[PDB]
Every structure is written in structure tokens, then in C-alpha cells.
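K.L.:
Chains as they are written, first to last, in UniProt numbering: chain C, 1 to 340; chain X, 1 to 441, 452 to 679; chain A, 1 to 340. Starting off with a structure, shown below.
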Amino acid sequence: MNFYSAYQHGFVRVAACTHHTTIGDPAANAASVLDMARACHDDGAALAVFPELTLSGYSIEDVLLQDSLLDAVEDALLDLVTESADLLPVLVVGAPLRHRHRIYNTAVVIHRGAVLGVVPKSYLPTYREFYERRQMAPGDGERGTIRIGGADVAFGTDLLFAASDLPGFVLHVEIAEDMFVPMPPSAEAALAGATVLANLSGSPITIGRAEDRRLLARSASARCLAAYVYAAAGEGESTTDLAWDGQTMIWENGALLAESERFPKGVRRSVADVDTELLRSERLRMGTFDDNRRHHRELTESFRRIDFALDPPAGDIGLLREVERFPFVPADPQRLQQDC
Amino acid sequence: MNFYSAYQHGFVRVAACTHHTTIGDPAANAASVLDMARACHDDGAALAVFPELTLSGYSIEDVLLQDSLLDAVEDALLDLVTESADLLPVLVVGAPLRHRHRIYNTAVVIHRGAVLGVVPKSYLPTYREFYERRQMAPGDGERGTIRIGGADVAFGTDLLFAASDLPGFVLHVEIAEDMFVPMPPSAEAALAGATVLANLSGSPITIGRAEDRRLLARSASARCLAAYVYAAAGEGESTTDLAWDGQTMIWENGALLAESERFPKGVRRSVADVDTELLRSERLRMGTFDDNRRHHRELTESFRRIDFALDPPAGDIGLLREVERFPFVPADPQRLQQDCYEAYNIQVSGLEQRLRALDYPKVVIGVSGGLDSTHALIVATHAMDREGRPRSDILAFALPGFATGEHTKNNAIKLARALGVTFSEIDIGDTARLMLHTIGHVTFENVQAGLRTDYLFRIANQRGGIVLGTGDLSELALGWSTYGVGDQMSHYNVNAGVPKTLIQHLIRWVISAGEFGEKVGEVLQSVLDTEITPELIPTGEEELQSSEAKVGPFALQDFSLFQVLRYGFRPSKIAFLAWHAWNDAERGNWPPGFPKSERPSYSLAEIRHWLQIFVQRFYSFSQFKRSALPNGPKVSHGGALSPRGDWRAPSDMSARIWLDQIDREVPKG
Amino acid sequence: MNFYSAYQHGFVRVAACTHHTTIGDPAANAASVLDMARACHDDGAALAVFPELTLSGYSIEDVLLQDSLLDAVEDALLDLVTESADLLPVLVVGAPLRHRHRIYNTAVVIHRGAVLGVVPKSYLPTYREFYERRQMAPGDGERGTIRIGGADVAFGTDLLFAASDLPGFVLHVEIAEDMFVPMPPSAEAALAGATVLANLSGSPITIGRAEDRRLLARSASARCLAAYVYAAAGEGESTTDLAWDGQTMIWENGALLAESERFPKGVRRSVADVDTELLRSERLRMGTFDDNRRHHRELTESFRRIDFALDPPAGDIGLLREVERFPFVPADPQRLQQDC
Ligand SMILES: Nc1ncnc2c1ncn2[C@@H]1O[C@H](COS(=O)(=O)NC(=O)c2cccnc2)[C@@H](O)[C@H]1O
Ligand SMILES: Nc1ncnc2c1ncn2[C@@H]1O[C@H](COS(=O)(=O)NC(=O)c2cccnc2)[C@@H](O)[C@H]1O
Ligand SMILES: NC(=O)CC[C@H](N)C(=O)O
Ligand SMILES: NC(=O)CC[C@H](N)C(=O)O
Ligand SMILES: NC(=O)CC[C@H](N)C(=O)O
Ligand SMILES: [Cl-]
């Protein structure tokens, strides 16, 4: 084996991307997404998560209901897919999509020129600064397929994207408010076998909301013994009534793997190497995890596995991870004081 | 109603106890438990939670399978039950109980001489330092009844213990490892209507396990929008292979209400007052909570409600809760710095975007030298900076009409000239003097305000810019504006999100950060000192203190505003909260930057008076001014007052019921 | 028998009331409602329907979320119930009520000093001029009980209020948006045995909305072979962004029995005599009606019957109904032209 290949030791490179929203301009959002994704490709990442409703902008309210906007989103999405034929990572791109009667707040999971699936937001907030049920429809319980670019692809809150050559890498996709409810789609999905939990979030920034973002993302990564990839909306979202900080972060089992500048000027990424084997092991030893899955067997066998072959770079790409010299002696002095 | 009864204001007193374990002596554990329970009784608490396997000791391994031990456990449990007849709170005591084939790791829910229920542990950990499936049986899916002292009582992971006279108090009980799995029993129960989530925990202490306890407990309280009561095992558990820290804590909606000394010598309690109304309200407003419950309807209707009449003490028993004086301004210096950073950045960034949209116009602002205009100017400057735009596109304007001359206009000129903006002065007096005469002349102050805004708009038309307003959230709340043609109107209001109690500390933050000049800093501190100090002899009757004279002190009105906007609390509840926060200046904390000469103490009389003014001006008068409100970014978590955002309300509505409630419930003094 | 008693010939007198909303003042709404109900009592009515969110005002938006308002609503509701002990008609009063987590948009069905039931609105509109899912929760699928004034009363979209002494009088209650969806609760209810269909409506008035109100109400009364009672909100509702005409109307099997002045100055009623026997007979002969009920047997047996004794006046109280001299020859000249 190539001893210096991070992937061949169980690692998987993941990126949480915040892009340049151009509210109402889907082609201009897809341009920014394509550029950041090509960067992720150069970095050798396998996964790249963008913010909620990437292709249209989260803040555009009833402009979501205009046929020209929806059509431009579909065209930009098909453009993205076709460009993804030369891209290593799995792209997770937000979009307002047309299904049956309404438009759903979806994440399109795109890979190697194809749409693996389309996940709808499950819990649409309609309170305080949020008015989401006006324009969009909940997906909780929506299964089946959706037709996107002359193809029937998987659609629903019950998906898992398992890498056929990386048995540790199983991706699940929720959206914003999803992880804030007492029983988030991601927890069920984790019991069902999900190891990397992605979250696209629009998230207008507010005093203390970054603290909540971190609390819940970290606790999810801890409880679900998984990696959590978070990406929020940044510069470009309509400042009619809200502001946007563009926070991105990558958690692993309660441990902050990476995060980006808040309130940036320009796009940002958080790229890290997730040790899938560490999760595999924490789960092999914590029987009560499997015990919990079994207690909810019906909820957890109803997930659909979408198989894809990632084929990662097999050479030296470093290790974007802080391996401490002293596993028993933390190098941060305040933590070492508490430990002692 | 008794105004001073924490219970009659929706509070419930709860206890998380760590006791003196005496491994293998159920009588000695029942003794420690009865003593601590009698303490909680004297404190007026309604709930007291003890650690895992209380009556036997969590660490006694295969001694759990000895019949003499189990029998002594049953005897001590029956003793405890009988004694609980004269005990106010609901006791939640751990014990290994006999059911069908095996012994289950149970929490016995005891109250007023009867066993309300028996909740088994759901996920027995068998890994690393834990060997629980050896001695005991999982309870996930066990329903039915269990026979305890000649009575068939509910048994299962599906119970709820709801107070028939305290509807906000609905108890669910899980045990240790239960809260550590992807789908804890407590989440389901919360959806099913649980408001107080109890955890009995043995929890051998280890490097960083208190961190995990805190992480998951706080996360539970936040996600489940509930109170979380945690109690771990302490002195007396066999240190054959483990150590025990006896941590107890009480969380509420992600916020630590109380915790006790780790590794104590002797028993400990954490006693706090949980605001059930706060939970009730958070759940009233987060539709997605009920959305989630409905999505899991089968799981959430399968719960069994066991009804009990608590009958709590109706007198004054104080309030074991730290109510901060400034809901918008945290008294912790680290948190206040973080808050101020975030607020300042969202203001700057929202203006940055508005400007990029309009191909970078000029920025017209009338600067009077008060706090709101000063801060708006600073923000506009920083926005123009980060977008790489000449500061001379900022057009400050002092428009005086009837002021003879004052230090504040000098503040304005000095700050503007130190920043390097484009400053000009324009005396509106003549236009007002003409205008007044034309309409055949209170009215003249209205005319001046109108003319300031008119002139700024026409100058923005002339030089191709946008008027940037300076109205803050407190002025919007109370209607301290001139609507229409007046200081209310602008093209983009950067200060709309920010309350007036936070503007001062935003300016202090800008000073201490010192990103601008030292000269800018000095003039800003001048602005602060000038405006926050009352004028010896009133300077012409216009400054911040004038608004305070008409609408009450903002320290009190921002408190009322936070309560109303976030929780919809009734007036009497606001008066109770503010009276506990403010009536004693020596008690509680103060934020940084308050010289001890500016630390007041308000009376019930004053709180009641300004609350009358507040409900009258917020529910009724001022709404029509917010209804047509320029753009601007929401700042605090407490909400904003945009009609397109956090406050949808009618313009033609009376405040009669709120005034009537203040009259019926809040004492005159 | 007393030959001149309309009740003894199968009739039942029903009223659709629009009252004087006093937005934010529940006690004053209860005052207006009590006065109109007392009128309905004098008129010998068995049923009196008031508009959506009667006790609080429909248009008060986030003021529904203030604890003082909800508490005054509870107090006024209990006063109403106690006063209804001396009132003949069944009162159907709108109100925002507290249950489990949220407040539901409910109609309290009150009779002779007790609450027979509490029906929640089923479909909360969140589009155009409507923002209801913000403040209130859907009732579709909510069963069980609700606690109101120290009593557990039936709660849900599955109630029926059957008069034990007037078997032709079986009441069902839906609310506004309920009757505009492809499958309205009232249709199930009618198959289930409901003969008088009540609808509480707030209904901000608009060019052409009264036409739609009539279209759907009349179409309901015809398809369901039942009587339809409609009552909309009038003077007092916040004109911040909407206007209110206070239309009330009573339909029976496609035929307008009564209606009231639009945009009135002052409260209004529509009082009419419903020929329950005409409904009984149309249903006896239309086999396909019962056939439709059988095809939906599970949906239709799940309704709960709350029985109550109306005890109507047995004397001469006139007949509030236009009996045409020539059933074969309509007296309206235009209709007679069409008929010929
Ligand atoms: N001399 C000045 N030069 C330049 N700009 C000035 C000057 N005076 C005011 N402004 C401007 O009006 C904004 C706030 O007005 S105020 O003074 O706090 N209160 C009122 O107008 C008021 C209060 C109650 C009812 N109606 C009106 C300030 O931010 C500033 O932009
Ligand atoms: N609900 C409404 N909807 C629409 N228009 C309304 C409404 N209520 C009043 N008005 C009118 O608008 C003017 C507002 O005056 S103001 O410049 O904002 N200042 C003051 O009212 C003021 C008064 C007393 C003490 N301090 C300040 C009012 O005089 C009135 O004519
Ligand atoms: N990230 C989000 O979706 C923000 C909304 C959420 N209720 C919160 O306050 O954190
Ligand atoms: N209670 C905790 O330890 C929470 C820590 C978490 N990382 C946060 O910032 O919220
Ligand atoms: N208030 C409502 O629920 C909406 C009623 C309105 N008449 C409509 O047709 O939608
Ligand atoms: Cl202005």
C-alpha cells in the first residue's frame, strides 16, 4: 500500500463551502459553485457542501414562485451536473425544485455527471424571521422519484449515499431547521448506517445563533458518532431584513475538525480529513448505538442506499488533521489544566 | 393573586441531588435520600432527582443478583414511599427492581405516599468500563404494570408524569446512557408533551466525561425545548475500578440554571426555579416542534399520562433564578464582547450589501452628536471602508433649528472631521420659520423634525445618495419618532435592530477595539460621556434624556420589550421578573462600563408605571409607525420589529387587556 | 300534534351571525356574541354560527401569541358557556385555543352551559394575504380531548353533534379554508351522517371572493345533500391590510335559503328554517350517496357522535322559509323563462 495516502488509511476529505450568492441569478450562483467545486477537486476532497437554496438564494421570498426563476434554476443545475463529469467530489447543491404540486427546498446530490438524488427539507420554519411554508412544501414522508434532466432520480428524506469503494463513507443530507428539532432526520439516518452527515443551511445570522449552530452540530456529531458538515449562506443574500455570516464548520464526534472565518469578504472553505475508521471503531465498541438502531428497526430499514464509486486519489495528499503528539496530554493549556 | 409567589408566575422549583452512597446498604441509602428529600421539601421544591441505582449503589456489580440485597432494596423503597406522604416534591429514586424474569435498572417515581410509576433504563451499556447487561435487563419496549407494595403501578419507557394543577410541569424520566444514543427516550417524550426531562446517572467520572455530560444535557434542553435535571453518583460508590464526582446540574433551553461542586465531601443539591412559561412560549412559536411530533405521531401518542396533584406552596419563596438586568446586554464580559462583535458586524455587512446593490451611492446622514447617529456614522464609515470606497462619499449633516449652541454639535463636527468624511452644516431654522407661518402657527418641534428629513432626502436626490436612518429598536418599540416625514423615514436603517441599551456598549466596543484613529476613539468617548451623563441644566430640552423623561428609562423598557417580543409574557410576569432583577442594586451582576454612580435600583411602583406606559405605547400607539418601516437588519435573538419579520401586528388595536391585567394583578407598591 | 309548530313538521331553525369584532378585546367580542345569541334564543333558533376566531379577532396576527390575549379568551369563553345555560341555540364560537404545544384555530361548540366540543381548523392557509401557519397549528388528524374549564371535552376534526330529540339535526363544523380543498372535512362528515354543515369564516373580502364563497357553499349543500351555514367576519377586524364585509348565508341542497346585507353597519343574522325532512328524503332516494359512504367506510365510521337534547319550542313560531305557491312554476321571471 502507499503508506502516505490519507485515503488508504481510512480518511475521507470533506469541504464545507460558502459561495457568493447573487439573489435571483441562478447562472451567477452556479458559476461561483463551479469555481469552488473545482477548487475542492484540486484539494482531493470527496464531498463538498454548499448553503441552503444555493442556486436561487435563500432570501428571495416570493420570487421563488416566479416561473422564470424556477426555470433558470433548472438550467443552471443541469449545467452544474454536466460540469461535474470532471469533478472528484460529491457536490451537495441547494435548489428550489418543482415536484408534483409545489416547490420543495431541496439539496441536489450530484456526482460524476449524474444526480444521485434529491433530498427535500423536512421541517420548514414559519415563525419569527422565517416564512418558509408560504413558498415551499415539507418533504417529511415524501418518497419516490423526481424527474430531473430526463431522468428519474431518488427523492426523499430516506436516502443514503454509500461509496462502494469506501465502506466507511455513507453520506446523509438534511437541511437547516432539520437538525434543530427533537428528532432530526440525521439521527435516524446515522442509526441506519450514515457516517458523514451533511447540513445545508441558509441561517440568517443573529446574536448567539453561531453558538446554537455549534452546540447542535457538535452534539449531533457526538451523539450520532459521525462527522457533521455545515455550510451557511454568506455575502449576496438580500439584506432587506437579515444579515448573513457565511459560517462553515466540520465536526467529528464532538471534535471541531475545521471552520472558516465569519463575516468574510469572498468565498470560504473548510476542508478536513475525516477519520472514518475512528467512527467505525467508536461504533464497534458502543453496543448501545446498535441497540438503539434495533429498537427503531422499521424506521431504519426503510432507508434507500444509492451506491456510487468515488475512486479517490491514491497518492500523497497530506493529512488535513491535527494529530496531537500526546494523546493523553492535550496541547491547549486550559484543557490540560482541566485534565490535570 | 399573590404577586410574590414564584409558583403563581409559572415557575417550578426542582432539585438534582447527589447523595451519600453506602454500597450494599439500601437502608443507609434510603436514609440519605429521605434527609435530602426533606430538605427539598423545606425549600418548596416540586421535584428531586437522585442518581442511578440509588437504593443499592451503581457499582456493586454481581451483588445486584443477591436475593438479600434485592429484598432490602424493596424494603427501603417501601419505607421511602411511606415517608414521602408528607413530602412535597416528586421523588425520582434509582433501584434494581424485580420484574417478570429479571431485575431492571429502574427509576421509581414516588409522590405523596404512592408510587406514580416505575421507569426502566432503556439502553444498558456493555462496553469498556461498563458491564450492565450481565446483571440487568433492557427495558426498551417493556410496558404494563409492576407490583410494588401490593399495588399495580405503571411500568415502562412510555410514561409521563403531568401535574394536574401545574400544566407546564410534565415530567419524563430516563436513565444515564439513555440520553447518549442517537434517539433518546427523552426526545420522543418531549414531543409527546414532556417539559421537564429527568436523568438519573451513575456516570463514573473520567477525563472529559463531565464535558460530554454537559454537551449532551444542554443539547437535550435546547433541542427538546425543555428543562433537563441531571444527578450523578458521588461519595460511597466502590472505587475498586472507578471514581465518582457527584455532578448535578439543571439546564433550561440550552442555558445552565444550576450546578453543584464536583468531587464534593458530603451530599449536594442543585435547586432552581424553572420557568415553565418560557418553555410553553418557545414551543408556541416554533411550529417545527409540533411538525416533528406530528411526523412521529404513532411514537408520541403511545405515551401514558399519570396524573398527580402537586399542590405547591402559594406564598413568597423567592426566585432561585439569575434574572439579568439587561436582557439585550449580557453581564459576562466575554459574552458581551462576542455579542457586540456580532451585532456590529451584521450592521456593517447589511449596509455593505445594500450599497453594493446600488452601485455604491453616497451616504447621507444627519449627525446630531447623540448615540444613535454617532454609531450609524461609525458603521457607515466601516461599511464604506471594507468595500474599498472613499470616505468622502459619506455626507454628514448638522441641521440645527432652535438650539442656541451646545457641546454635542461640536461632538458631531469633531467626529466627522476626524473620520475624514464630507461634513457640512445647514441651518433649517428659516425653512421652519417660513413653514410654521404658512400653516398658521409641539408643532414647531414636529416641523423641525420633518424638515431635517426632507432636506436630507432632497440632498440625497441632488448628490445621488441614500439617506441612512438612525432610529433604534427601542424608539421603534415605543414610538419615539416623527412618522412619515420625520426621523422614522429613511432608505436603509442600520440601527433598527439594535436596542438603546446595546448602543452604548457597541460604541465602547468600537473604542476598545481601536481600529479607527486614537482621535476617533477620543471623540467617541466624548460622545459617550456627554450623552450618558444628564445635563446639569437641560440643554435646550433635546438629548437622550428627553426621550427617557417621556417613555421611561430604557433599562426598564428594553426589559419589557424583550419579554414581550420573545416570550409574549403577560405584564404581571414582566413586573415580577423586572422587580427581581432591578429592585436591589447590590444584588446580581452589572455589565462592563457602568460607573457605580450609574447603577440604579427601581421600585415595584416605578416598574409598574413604566410597564403601563410600555404596553400602552407598544400594543396600541406605536404599531402604525413600524408598519411602514425602511429596510435594515435584525440584530438580537430577542427579535426585531419589522412587519416583514418578527412582529406582525395590527395598527388599529387597543391595549385595554394589558392595562386591565396590570390593574388587576400588579400591586401599586 | 300542534299543526302550526314548524319544529313538529321536521324543521330546524338555524342562524348565521356576524358580530362586532373588537380586535384584542375578548370580553367585548363575547359581549356582542352573547347579545346576538340571546336574539337567536328569542327567535327560537336551535343553531347559531359566528365567524372565525370570534373571541379574539381573526386579523390580529402575532397578537394571538401573547399570553394575556389567550388568557382573556379563556375567561370570555367560560363566561359564554355559563351564560349559554339559559340559551336555546347551540352556539358555535371561534377562538384561538391552547392544546399540547401550540394554539389551534378552533370552534367551540357550546350548548346549555357545557362545551359539547372543540373543532380545530384543518388546513391553515399560508399564501397571498394569509399567514396562518405562523401563529397556529393544523388540526388534520388531531383526535382525543381538550381541557376547558375543568372538563375534558371532545377535540378533533371527527366530531358530530346529533340532536337526540331531532334525528334530522346532526351538526358538523369546519372552518373557512376547510371547504375550499378538493376533499373537505364536511364531505366525509356528510357521508358520516351530518345534515347541517357549519362553516366559521374570517374571509378578508375581495373582488370576486363572495362569488367564490357562494359557489363552494352552494356546491357543498348540493353535493352533500345537506344544509350549509356560513358566517364571515365584519366590522371591527383590523383594516391594516384587509377589508371585511361580514357576509352570512344559509344554503340547503343548492338553494339559497337566506343571506344578509354585505358591508353592513352593525351586526347581522341570517335566520332560516331548514327542512330536515327534505334532506332526509333526498338521501333516502339517492342510493349513490350511501354507496359513496360505503366505499369510504373506514373514513366514515371513525366519527364520534356527541349526543345532546335540544328540546325546541313546541308552539307556533311561524315558518322562516319561502314556500312557493307553484313548485312547478317558479315566480322569478328569469327562472320561469328558462324553465319554459
Ligand atoms: N441638530 C441636528 N443635526 C443633524 N441631525 C439631527 C439633528 N437633530 C436631530 N437629528 C437627526 O434625528 C435623529 C434622531 O432624532 S432625535 O434628535 O434623537 N429625536 C427626534 O427627532 C424626535 C423625537 C421625538 C419625536 N419626534 C422627533 C438623529 O439621529 C439625527 O439624524
Ligand atoms: N394608528 C394610526 N395610523 C395612522 N395614522 C395615525 C395613527 N395614529 C395617529 N396617526 C396620525 O399620525 C401622527 C403621528 O404623529 S407622529 O409625527 O409619528 N408623532 C406623534 O403622534 C406623538 C403624539 C403624542 C406624543 N408624542 C408623539 C399623528 O399625529 C396622527 O395624525
Ligand atoms: N440555522 C437556522 O436555521 C436558524 C433557525 C433556528 N431556529 C435557530 O435559531 O438556530
Ligand atoms: N455545553 C458545551 O460544552 C457546548 C460546547 C459547544 N461547542 C458550543 O460552542 O456550544
Ligand atoms: N381564512 C381562510 O382560511 C381563507 C378563507 C378564504 N375565503 C379562502 O378562500 O381561502
Ligand atoms: Cl432620518
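Ideal Cβ positions, reconstructed from N, Cα and C, are used throughout, including at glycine.
Tell me whether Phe631 of chain X, by its Cβ, gets closer than 8 Å to a heavy atom of ligand 2.
P.N.:
yes
K.L.:
Looking only at its own chain, which residues have a Cβ that is under 6 Å from the Cβ of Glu188 of chain C, when we skip the five neighbours before and after it?
P.N.:
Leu299
K.L.:
By the 10 Å Cβ neighbour count, where 16 or more other Cβ atoms means buried, how is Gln66 of chain C classified, buried or exposed?
P.N.:
exposed
K.L.:
At a Cβ threshold of 9 Å, is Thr206 of chain C touching chain A?
P.N.:
no
K.L.:
Compute the Euclidean distance between the alpha carbons of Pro330 of chain X and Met499 of chain X, then round it to the nearest angstrom.
P.N.:
31 Å
K.L.:
Using a Cβ-Cβ cut-off of less than 7 Å, give me the residues of the segment 308–334 of chain X that come near chain A, in sequence order.
P.N.:
none
K.L.:
Go through its chain and collect everything with a Cβ distance to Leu160 of chain C's Cβ below 8 Å, but skip five positions before and after it.
P.N.:
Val170, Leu171, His172, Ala189, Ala192, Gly193, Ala194, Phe303, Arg304, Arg305 and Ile306
K.L.:
Name, in chain order, the residues that DSSP records as bridge partners for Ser270 of chain C.
P.N.:
In the DSSP output, where bridge partners are listed per residue, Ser270 of chain C has C:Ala16.
K.L.:
Just how far apart, CA to CA, sit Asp165 of chain C and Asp311 of chain C?
P.N.:
Going from the Cα of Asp165 of chain C to the Cα of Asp311 of chain C covers about 7 Å.
K.L.:
Counting along the chain, where does the beta strand (DSSP E) carrying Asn105 of chain C start and finish?
P.N.:
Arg102 to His111
K.L.:
Should the segment 80–91 of chain X be called in touch with the segment 120–131 of chain X, which here means at least 3 C-beta pairs below 8 Å?
P.N.:
no
K.L.:
Do you know offhand how far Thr21 of chain X's Cα is from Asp670 of chain X's?
P.N.:
54 Å
K.L.:
Skipping 5 residues on each side, what residues in its chain have a beta carbon closer than 6 Å to that of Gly234 of chain C?
P.N.:
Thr18, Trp244 and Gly246
K.L.:
Please name the residues in the segment 615–631 of chain X whose beta-carbon is closer than 8 Å to at least one beta-carbon of chain A, in chain order.
P.N.:
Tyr629
K.L.:
For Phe586 of chain X, which of helix, strand or coil comes out of DSSP?
P.N.:
Correct three-state label for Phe586 of chain X: helix.
K.L.:
Give me whichever residues DSSP pairs with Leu159 of chain X in a beta bridge.
P.N.:
X:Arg304
K.L.:
Here's the rule: buried if 16 or more other CB atoms are within 10 angstroms of the residue's CB, otherwise exposed. What is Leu284 of chain C?
P.N.:
Exposed, because fewer than 16 other Cβ atoms sit within 10 Å of the Cβ of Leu284 of chain C.
K.L.:
With a threshold of 8 Å, establish whether the CB of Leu399 of chain X neighbours any heavy atom of ligand 1.
P.N.:
Yes - ligand 1 has a heavy atom lying nearer than 8 Å to the Cβ of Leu399 of chain X.
K.L.:
To the nearest whole angstrom, what separates the beta carbons of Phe308 of chain A and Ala163 of chain A, a pair I think is in contact under 8 Å?
P.N.:
6 Å
K.L.:
Taking the DSSP output, what are the residues bridged to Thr126 of chain X?
P.N.:
X:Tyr131
K.L.:
Suppose the cutoff is 8 Å on Cβ atoms and the five residues either side in sequence are ignored; what does the same chain contact list for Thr240 of chain A look like?
P.N.:
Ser59
K.L.:
Compute the Euclidean distance between the alpha carbons of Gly550 of chain X and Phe402 of chain X, then round it to the nearest angstrom.
P.N.:
Distance between the alpha carbons of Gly550 of chain X and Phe402 of chain X is about 8 Å.
K.L.:
Rounded to a whole number of angstroms, what is the C-alpha to C-alpha distance between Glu177 of chain X and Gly315 of chain X?
P.N.:
Taking the straight line joining both Cα atoms gives about 39 Å.
K.L.:
By alpha-carbon positions, which one of X:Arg389, X:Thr422, X:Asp385 and X:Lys414 ends up nearest to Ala396 of chain X?
P.N.:
X:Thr422
K.L.:
Am I right that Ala220 of chain X and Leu197 of chain X are in contact with their C-beta atoms under 8 Å? What's the rounded C-beta distance?
P.N.:
Going by Cβ atoms, the distance from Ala220 of chain X to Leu197 of chain X rounds to 6 Å, so yes, they are a contact pair.
K.L.:
Can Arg13 of chain C and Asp62 of chain C be called in contact, C-beta distance under 9 Å?
P.N.:
no
K.L.:
For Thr54 of chain A, does the count of other Cβ atoms within 10 angstroms reach 16, so buried, or fall short, so exposed?
P.N.:
Per the 10 Å Cβ criterion, buried.
K.L.:
Are the CB atoms of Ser611 of chain X and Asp594 of chain X within a distance shorter than 9 Å?
P.N.:
Yes, these two residues count as a Cβ contact at 9 Å.
K.L.:
So which of X:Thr126, X:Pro138, X:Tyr127 and X:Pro51 has the shortest CA-CA distance to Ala95 of chain X?
P.N.:
X:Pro51
K.L.:
Would you report the Cα separation of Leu34 of chain A and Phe631 of chain X, rounded to the nearest angstrom?
P.N.:
Linking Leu34 of chain A to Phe631 of chain X through their CA atoms gives a straight-line distance of about 30 Å.
K.L.:
Ligand 5 heavy atoms versus the CB of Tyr58 of chain A: any closer than 8 Å?
P.N.:
yes
K.L.:
Count the C-beta pairs between the segment 613–621 of chain X and the segment 344–362 of chain X that are closer than 8 Å, then say yes if the count reaches three, no if not.
P.N.:
no
K.L.:
Chain C beta carbons: is any one of them nearer than 9 Å to that of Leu53 of chain X?
P.N.:
no
K.L.:
Mind listing which residues have their beta carbon within less than 5 Å of any non-hydrogen atom of ligand 5? Chain order is fine.
P.N.:
A:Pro125, A:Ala176, A:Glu177, A:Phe180, A:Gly202 and A:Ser203
K.L.:
Let me confirm a value: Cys340 of chain X is counted as buried when at least 16 other C-beta atoms fall within 10 Å, else exposed. Which label applies?
P.N.:
buried
K.L.:
Check each candidate in X:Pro204, X:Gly254, X:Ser186 and X:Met183 and name the one with the smallest Cα separation from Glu211 of chain C.
P.N.:
X:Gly254
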